[PDB]
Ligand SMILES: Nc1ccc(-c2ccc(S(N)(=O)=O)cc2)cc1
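Only one chain is shown below, in structure tokens, and it's the form solved without this ligand.
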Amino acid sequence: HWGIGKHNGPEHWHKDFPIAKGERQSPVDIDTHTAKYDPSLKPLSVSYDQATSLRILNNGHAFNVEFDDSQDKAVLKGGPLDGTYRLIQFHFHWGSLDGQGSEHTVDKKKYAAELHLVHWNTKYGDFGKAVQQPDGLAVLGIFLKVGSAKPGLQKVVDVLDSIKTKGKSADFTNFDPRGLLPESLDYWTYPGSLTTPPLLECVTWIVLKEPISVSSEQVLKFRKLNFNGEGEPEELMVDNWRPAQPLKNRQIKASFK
């Protein structure tokens, strides 16, 4: 069930997607005192210098910035991953208030928003085939807290007026996603799922410990988008996050002592 479309509340998804009650669902709470350092993890390699952004789309549940993934231009490797994973799109989840909005939590703390950079394993040839595999995707998660403005984010905030309603898109070329990363690449990792329908259990999650700060005025502009299509009754695009799901039989590993 991916693509342009409104979603109902996450508590109803299990009626259409039974995997919503599965064994490796995301997001989860990260208990920092139970995650174990893993000296086996190799260092993480983010290679975004040749990234090619194309378009920004309001898909009725978030906005996606889409990349050319027809070649290895923007890739993720190392860490817990085997193989090369190609960036296809990034998007955010955010709240109606600064005290809520993230999907993952850290010792039950909620951040104001969470950025997801989605990558697919090139040995499966394309995104559609990759989501049918347990190691098909790698999603880099980054928390946002409210404080100083993030310069690298402002070109994104600037174009949201042109994609206010469901189904609208705008050109979005030459955007450099390195401007959204924090200073440190220390992370937690665990096996999980997509956090929207169809909720497939195909993701290796890499969640960064250091948040980035964005300004109150930047997040206020996220809250002006609409879930609805033009000419329909107005619904503000807020609180588009899924709550923490049971960890079940999984261990969270840390890249740092």
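Start at 1 with the first residue shown and count on from there.
What comes next is about the form solved in complex with this ligand, which does not appear here.
Figure legend: unbound chain with this ligand modelled from its position in the deposited complex by local C-alpha superposition. Site blocked, with three or more ligand atoms within 2.4 Å of backbone or C-beta atoms. In summary, among the residues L208, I212, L225, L194, the only one with a non-hydrogen atom within 4.5 Å of this ligand in the deposited complex is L194.
Looking at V139, you'd find a heavy atom of it within 4.5 angstroms of this ligand in the deposited complex. Within this chain, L180 is remote from the site of this ligand in the deposited complex, having no heavy atom within 4.5 Å. When this ligand is considered in the deposited complex, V118 lines it closely, a heavy atom lying within 4.5 Å. Along 7-37, not one residue places a heavy atom within 4.5 Å of this ligand in the deposited complex.
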